[PDB]
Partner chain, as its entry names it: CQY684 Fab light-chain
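Shown below, as structure tokens, is a lone chain in the form solved without the partner chain; questions about how it binds or moves come after it.
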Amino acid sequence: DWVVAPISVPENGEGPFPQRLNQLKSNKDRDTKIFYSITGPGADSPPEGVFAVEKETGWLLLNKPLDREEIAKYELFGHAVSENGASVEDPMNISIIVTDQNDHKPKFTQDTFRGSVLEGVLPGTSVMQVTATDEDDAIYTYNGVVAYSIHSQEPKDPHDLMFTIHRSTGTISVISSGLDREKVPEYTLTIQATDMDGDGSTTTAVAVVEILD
């Protein structure tokens, strides 16, 4: 049977609301006044009244901005009832697919990570791994894709930047010589993660590296 195709609605819409999405119609409206209604989560059960249908035009409406990170898909049913009170169609499946926008900034899993490394490991040696998440989508867009970086080091001894970070994995490595527990037992690195793989909004944290004897 011919059905309504899933309907794609970008999240965080600006309206105006209510917003027309699709017009339901039974062709038995040749003969009878028909009353359209809708059921399902989003309509008559939680969250109620996100969608509605105009009972005489059949126009399915969306009444407010959506948010993919709360609900990504809605499964509704459309119904058609004669003026006399008989349902004149099997309920129609309607699907609403909510599409991603970049409405979330990245968030580090901790404000402060802690790792350690031996003085005198060769340059290129992995030290620790840091991690940030993004609620948005990483499969079809870069809204959820994170770019790791290092904003600065303290102290700047012996060199101004002694560590680097893998922009995808967040592994921090040593890139310099001169680590020396006795001279400088600890470094504090301000670390940053940016969504859109670098083009987006940024968040910040720190990583503390103990220099092992």
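Residue numbers count along the first chain shown, from 1.
Set 54-62 against 176-184 and average the Cα temperature factors; 176-184 ends up higher. For the pair 68-76 and 100-108, the record assigns the higher mean C-alpha temperature factor to 100-108. When the C-alpha B-factors of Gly144, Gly49, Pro41, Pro158 are read from the PDB record, the largest value belongs to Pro158. Residue set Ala193, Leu189, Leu24, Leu21: peak C-alpha B-factor at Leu189 (per PDB entry). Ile94: CA B factor lies in the lowest third for its chain, per the PDB record. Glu135: CA B factor in the middle third of modelled residues in this chain (values from the PDB entry). Among all modelled residues in this chain, the alpha-carbon of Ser45 has a temperature factor (C-alpha) in the middle third. When the modelled residues of the chain are ordered by C-alpha B-factor, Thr32 sits in the highest third.
The form deposited with the partner chain bound exists for this protein as well; it is not shown, and the discussion that follows is about that form.
Taking the partner from the other structure, the partner chain in the deposited bound form has a heavy atom within 4.5 Å of a heavy atom of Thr57.
Put simply, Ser152 is far from the partner chain in the deposited bound form: not one heavy atom of it is within 4.5 Å.
Remark: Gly49 counts among the residues lining the partner chain in the deposited bound form, judged by a heavy atom distance of 4.5 Å or less.
Within 4.5 Å of any heavy atom of the partner chain in the deposited bound form lies no heavy atom of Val184.
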